[PDB]
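First comes the structure, then the notes that go with it.
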Amino acid sequence: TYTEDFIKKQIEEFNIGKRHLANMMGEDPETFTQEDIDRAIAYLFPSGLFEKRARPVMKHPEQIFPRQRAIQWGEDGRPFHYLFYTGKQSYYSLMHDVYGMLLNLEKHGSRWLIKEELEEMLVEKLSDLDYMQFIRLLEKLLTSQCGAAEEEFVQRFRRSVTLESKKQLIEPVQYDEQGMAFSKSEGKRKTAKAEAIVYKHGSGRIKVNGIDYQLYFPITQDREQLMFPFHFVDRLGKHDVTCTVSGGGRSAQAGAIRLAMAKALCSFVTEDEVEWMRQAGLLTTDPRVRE
Amino acid sequence: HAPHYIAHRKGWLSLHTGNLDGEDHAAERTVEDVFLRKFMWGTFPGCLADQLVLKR
Amino acid sequence: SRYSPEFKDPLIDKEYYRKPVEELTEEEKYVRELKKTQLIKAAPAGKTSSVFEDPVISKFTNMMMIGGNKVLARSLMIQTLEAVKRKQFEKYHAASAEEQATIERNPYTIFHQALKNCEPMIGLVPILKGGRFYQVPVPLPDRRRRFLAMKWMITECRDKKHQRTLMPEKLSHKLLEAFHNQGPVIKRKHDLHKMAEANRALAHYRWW
RNA sequence: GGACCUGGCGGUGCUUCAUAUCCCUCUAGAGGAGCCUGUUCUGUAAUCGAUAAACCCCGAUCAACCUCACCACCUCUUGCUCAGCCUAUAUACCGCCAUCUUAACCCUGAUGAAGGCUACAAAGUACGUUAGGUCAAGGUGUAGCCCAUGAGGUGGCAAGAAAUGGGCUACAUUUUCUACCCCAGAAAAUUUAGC
Ligand SMILES: [Mg+2]
Ligand SMILES: [Mg+2]
Ligand SMILES: [Mg+2]
Ligand SMILES: [Mg+2]
């Protein structure tokens, strides 16, 4: 256990050590901050331990010792809160407030708070049924014509985590010295890595490492893989490709080029066609690799 | 702490360049460490609170 | 598996995406809107949006590979198709006028009909009790009989009685025999259908 | 003798489903030939027993006239050096591996045995162990024989038959050789995984 005098003494010890560290590092003690403390301790006591907690640390005493011991009554013994004897003064105070707002209104991509976070904010353990009751009251408040104050009050309990949209970031359009528009993109399959440049206008010429694709890829399967992206969006014979692939083997190189070409081509199609390519598997990096 | 924490929570009691890639004489440094530890544990009997740290 | 459970298999069908939004029913529209939130696996090497793609021939080729040699298996498949085509052209040229109407020259049609003529409808599934693995007739699923036709054709062509006759030549001959409901694979289907008729004692066990 | 309470059946079946491990079903390869090992039977006076200890050096190998081990005969010995011997013991310890074992408070029932839940809420809240293995990448002791458990010599010993358990080689036409690295020319039953 940690007494209050004990933590008091740790507070003066931390402040004096902070002033000393400011002296050691040459920084001005007045403006010497906690990020500066962390940086200086990292320099002076280098530690490559993977656990960040195991590394040397110089925190404020309040950050080290939990001391979640709140005083709820004074010297005369009178509790501060009028709901003290319920044992859940914060939770029931909040329910009382919500009910008051509901009465007042009756006279007139985001998520509900989880139970343990609600506990953290209320600093009191609460059951599942009472959590459900509170959430039901909040829903009832939302259903009514909540004003700005009530909307903000509910937003205090609303978290923004829900929903995430997979939109396939498009590459920008670059322009070469001749004035032609092109887009560059990268792809990887097994140990093969490819970078493709797809021009907006062309006659369907694909050059792999400066070599024609049918000469670079004798096997028909690789040529079909290279055909797949352009055929899927019905623009065969409308673009020129200049790619560079290294590593891997025949099939890995063909797949990496397919991926790079699809990602580069996404610049010159409509967003609907981009999403269709994504749903066809043409824009996902294949993570399957050897053990 | 168990041996699988040697670079996660614990450190190395001995610190020398022998085991780095390209360096030599790791065996000689190891034998030196062995003798130092036995000698020191025999010369300070019941005094040592913990393990030695051997820096080089 | 390197893919997380949330990843979904891709849909390579190309005409699927070209349906007008007007035709889309509410359920299909909901499915399409749902597909936007999911992660989709990378399309595997193999199937493509090509108009010449044939999943049955792809599966037959995969069932012919040995030790991951896909180039050789595909070479054998194309050689077999070309051999069937040339044989049919030879038979068509030498035929009189009224027999040229009933000679098929599309090798894909012949391949599909040959495999269809070899599919078994019913088979036997062993069931364990008493130390006696009880052989009950069972109606084979569609996938099962499709697999069995291909497996019987391949095993028939891999027989060692056929000495130094190359695989495309054996396979085209067997395919053209099965096209006309002849050969050893059709007899293998028949000798399963009769040998399951010979064991209709346990013909109503419906919980295999 | 009367009343009541906890039991005990690690019990027995039957009903429905969650029913994941485990099952099957299903998919792909694995029996022949020639050598080498495991067990049995038969047979010898005896071991087809081993090479920090032979030979072969293309690989590997059998018995080699190496040498040790065994059987039948013999010889030494105060000798090598107060000699000599992997002879035993971890069933001596230590090292290393492995086996197993390792609450309080508050209420209710008349302050009986005893009991305590309802959410639009009604008392509930807080190390040892082992006739264990290892004397090959390691040690500290203890005992044995010391006319023989030491050192030599002369002959032999070199097995036979199966049924099954296991291992190694070559085993092809979807093959082989050359050129290329893929459009060429010539030759000819259980079991193992599944994901
Ligand atoms: Mg001896
Ligand atoms: Mg010995
Ligand atoms: Mg022992
Ligand atoms: Mg012998």
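Within every chain, numbering begins at 1; the chains are lettered A, B, ... in the order of the sequence lines, protein sequences first and strands thereafter. Values reported hereafter were calculated over all heavy atoms of this structure, with side chains retained and with hydrogens, waters and symmetry mates removed.
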### Message
When both hydrogen-bonding distances must be under 3.5 Å and the geometry is Watson-Crick or G-U wobble, what is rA184(D) paired with, if anything?
### Response
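Looking at the geometry, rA184(D) pairs with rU178(D).
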### Query
Should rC57(D) form a Watson-Crick or G-U wobble pair with both distances under 3.5 Å, which nucleotide is its partner?
none
Roughly, in whole Å, what's the span from [atom1] in [X] to [atom2] in [N]?
X: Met63(C); N: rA28(D); atom1: CE; atom2: P; answer: 6 Å
X: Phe133(C); N: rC26(D); atom1: CZ; atom2: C1'; answer: 15 Å
X: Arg158(C); N: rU174(D); atom1: CZ; atom2: P; answer: 10 Å
X: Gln79(C); N: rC182(D); atom1: CD; atom2: P; answer: 17 Å
X: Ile66(C); N: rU27(D); atom1: CD1; atom2: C1'; answer: 16 Å

Test item: side-chain donor near acceptor, [X] and [Y], under 3.5 Å:
X: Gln79(C); Y: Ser75(C); value: yes
X: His180(C); Y: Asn117(C); value: no
X: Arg158(C); Y: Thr155(C); value: no

Syn-anti status, with the boundary at 90° from 0, for the nucleotide [N]:
N: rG79(D); answer: syn
N: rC96(D); answer: anti
N: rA126(D); answer: syn
N: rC80(D); answer: syn
N: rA137(D); answer: syn

Give a yes or no on whether [M] and [N] pair, Watson-Crick or G-U wobble, both distances under 3.5 Å.
N: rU125(D); M: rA104(D); answer: yes
N: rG13(D); M: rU118(D); answer: no
N: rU140(D); M: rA121(D); answer: no
N: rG31(D); M: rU39(D); answer: no
N: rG95(D); M: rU134(D); answer: yes
N: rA72(D); M: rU154(D); answer: yes
N: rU142(D); M: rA90(D); answer: no
N: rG112(D); M: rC17(D); answer: no
N: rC68(D); M: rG49(D); answer: yes
N: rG165(D); M: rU37(D); answer: yes

With a 6.0 Å cut-off on the ring centroids, do [X] and [Y] count as close?
X: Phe65(A); Y: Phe6(A); answer: yes
X: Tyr213(A); Y: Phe217(A); answer: no
X: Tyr205(C); Y: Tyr134(C); answer: no
X: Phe157(A); Y: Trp112(A); answer: no

Pairwise [atom1] distance, [M] and [N] [rounded to whole Å]:
N: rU149(D); M: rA88(D); atom1: P; value: 15 Å
N: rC146(D); M: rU81(D); atom1: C1'; value: 16 Å
N: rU99(D); M: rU129(D); atom1: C1'; value: 9 Å
N: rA50(D); M: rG38(D); atom1: P; value: 9 Å
N: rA53(D); M: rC86(D); atom1: P; value: 12 Å
N: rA159(D); M: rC36(D); atom1: P; value: 11 Å
N: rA46(D); M: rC157(D); atom1: P; value: 13 Å
N: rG31(D); M: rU169(D); atom1: P; value: 15 Å

[X] side-chain proximity, nearest of [options]:
X: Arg136(A); options: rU25(D), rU175(D), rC120(D); result: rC120(D)
X: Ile219(A); options: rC182(D), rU174(D), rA119(D); result: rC182(D)
X: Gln133(A); options: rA28(D), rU174(D), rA119(D); result: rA119(D)
X: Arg164(C); options: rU174(D), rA119(D), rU173(D); result: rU173(D)
X: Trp208(C); options: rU25(D), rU174(D), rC26(D); result: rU25(D)
X: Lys151(C); options: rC183(D), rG29(D), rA28(D); result: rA28(D)
X: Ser127(A); options: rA119(D), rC26(D), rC182(D); result: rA119(D)

Base, sugar-phosphate, or nothing: which does [X] touch, judged by heavy atoms less than 4.0 Å apart?
X: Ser1(C); value: nothing
X: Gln163(C); value: nothing
X: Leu166(C); value: sugar-phosphate
X: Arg144(C); value: sugar-phosphate
X: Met64(C); value: base

#### Entry: Comparing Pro168(C) and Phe147(C) on RNA chain D - which has the more 5′ nearest nucleotide
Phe147(C)
### Whichever of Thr165(C) and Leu129(A) has its nearest RNA chain D nucleotide further upstream toward 5'
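Looking at the nearest nucleotide for each, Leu129(A) comes out on the 5' side.
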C1'-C2'-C3'-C4' sign verdict for the sugar of [N], north or south:
N: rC106(D); result: north
N: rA123(D); result: south
N: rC117(D); result: south
N: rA53(D); result: south
N: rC171(D); result: north

### Task
Apply the test ring-ring contact (aromatic ring centres under 6.0 Å, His included) to residues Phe84(A) and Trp73(A): give CA-CA distance (whole Å), side-chain angles for both, the deciding distance (0.1 Å), then the verdict.
CA-CA 9 Å; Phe84(A) 164 83; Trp73(A) 55 79; 5.5 Å; yes
### Task
Start with the C-alpha gap between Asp142(C) and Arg145(C), add the side-chain angles, then the distance that decides, and say whether salt bridge (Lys or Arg N to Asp or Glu O under 4.0 Å) holds.
CA-CA 5 Å; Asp142(C) 185 75; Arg145(C) 51 188 177 177; 3.6 Å; yes
### Message
If stacking means ring centres below 5.5 Å and interplanar angle below 30 degrees, are the neighbouring bases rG79(D) and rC80(D) stacked?
### Response
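Per the 5.5 Å and 30° rule, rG79(D) does not stack on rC80(D).
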### Task
Kindly determine whether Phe60(C) and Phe111(C) satisfy ring-ring contact (aromatic ring centres under 6.0 Å, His included), including the steps that lead there.
CA-CA 10 Å; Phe60(C) 198 90; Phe111(C) 184 84; 5.0 Å; yes
